[PDB]
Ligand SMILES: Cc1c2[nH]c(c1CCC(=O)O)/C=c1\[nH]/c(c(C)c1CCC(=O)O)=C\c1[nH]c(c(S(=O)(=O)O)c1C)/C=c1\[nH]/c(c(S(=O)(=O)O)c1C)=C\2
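Quick setup: one chain, the form solved without this ligand, written in structure tokens, and binding and motion questions come after.
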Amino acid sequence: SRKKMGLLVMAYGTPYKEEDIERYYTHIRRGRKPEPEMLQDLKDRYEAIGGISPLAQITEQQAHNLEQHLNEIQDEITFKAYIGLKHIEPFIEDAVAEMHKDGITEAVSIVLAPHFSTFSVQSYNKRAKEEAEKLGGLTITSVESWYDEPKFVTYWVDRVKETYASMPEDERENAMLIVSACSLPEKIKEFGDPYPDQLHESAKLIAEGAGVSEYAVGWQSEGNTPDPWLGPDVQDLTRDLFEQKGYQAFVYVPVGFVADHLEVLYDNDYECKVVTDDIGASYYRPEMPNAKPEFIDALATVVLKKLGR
């Protein structure tokens, strides 16, 4: 009695083992293979954050718990998850072709990044649909943004509340909340990309929910191209904020990310930590959503809402 639907879960992608780093970054660098020194630096970074293998496992866990959870909370549809990545197989095109081969005719997609952007989400979505259209007999409704889903906001609000609650009294009264997302070229402003505004909206929502009056918006993990990227970078923001008001503790909420990947374990837990340690403030960075039940339910709701259910 259930209708069969494909669940297309897309993400940036992560290497599966150390030997994948080269091709992973070459693909990210659009064909430019990292020099030996960079390659070694990269390996060291991954090793320092606890190894690579756990990383890719997270996306897989998220896709499968989501699939099982959606299949459990409603009884009209039976979902089958398919992972489509941007920088490593299984690629988006691959995930779609396989859905087509398994007989899927109807699908719903969602990108494992809460804020819409012309650079990523729109691109992932456009590519998934074009492949489908190329194969035929398969349609896809795509979620474009979900940073505003209440369950998702509540997840970060409560993690923030716990973090501040755990702080000493003097730290609780002199802390700064830095909410961030992956940086992108400023040029996206040319198309009226709402990415920046959406991140600011995420920050306002989480801070308001958590009762935090002092907070700021920053960006991190930008790439390296001649064209200016969205700023300020979380590193400069932290030091700048400290130099002007002397906060004793910084709370980092990389709302743009959904799992324990390199951008959070290193770019936050290491790079921002270097700065807070340097200035003498306390470093705090709440648990990322990953595959926790609360997160999965929020995503399930996002998908069901998209389908009018």
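Heads up: residue numbers just count along the shown sequence, starting at 1.
As for the form solved in complex with this ligand, it is not shown, yet the points below apply to it.
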Site test, 154, 252 and 295 vs this ligand in the deposited bound form, non-hydrogen atom cutoff 4.5 Å: no
So this ligand isn't shown here. In the deposited bound form, which residue out of 223, 231, 150, 136 has a non-hydrogen atom within 4.5 Å of it? 223
Selected contact from 184, 77, 140, 81, since only one has a non-hydrogen atom within 4.5 angstroms of this ligand in the deposited bound form: 184
Answer yes if any heavy atom of residue 91 is within 4.5 Å of a heavy atom of this ligand in the deposited bound form; otherwise answer no. no
Indicate whether residue 12 is a 4.5 Å heavy atom neighbour of this ligand in the deposited bound form. yes
Examine residue 28 and determine whether its closest non-hydrogen atom to this ligand in the deposited bound form is within 4.5 angstroms. yes
Quick one: is residue 119 in contact with this ligand in the deposited bound form, heavy atoms, 4.5 Å cut-off? yes
The stretch from 278-286, 28-36, 241-249, 63-71 that lies within 4.5 Å of this ligand in the deposited bound form, judged by heavy atoms, is 28-36
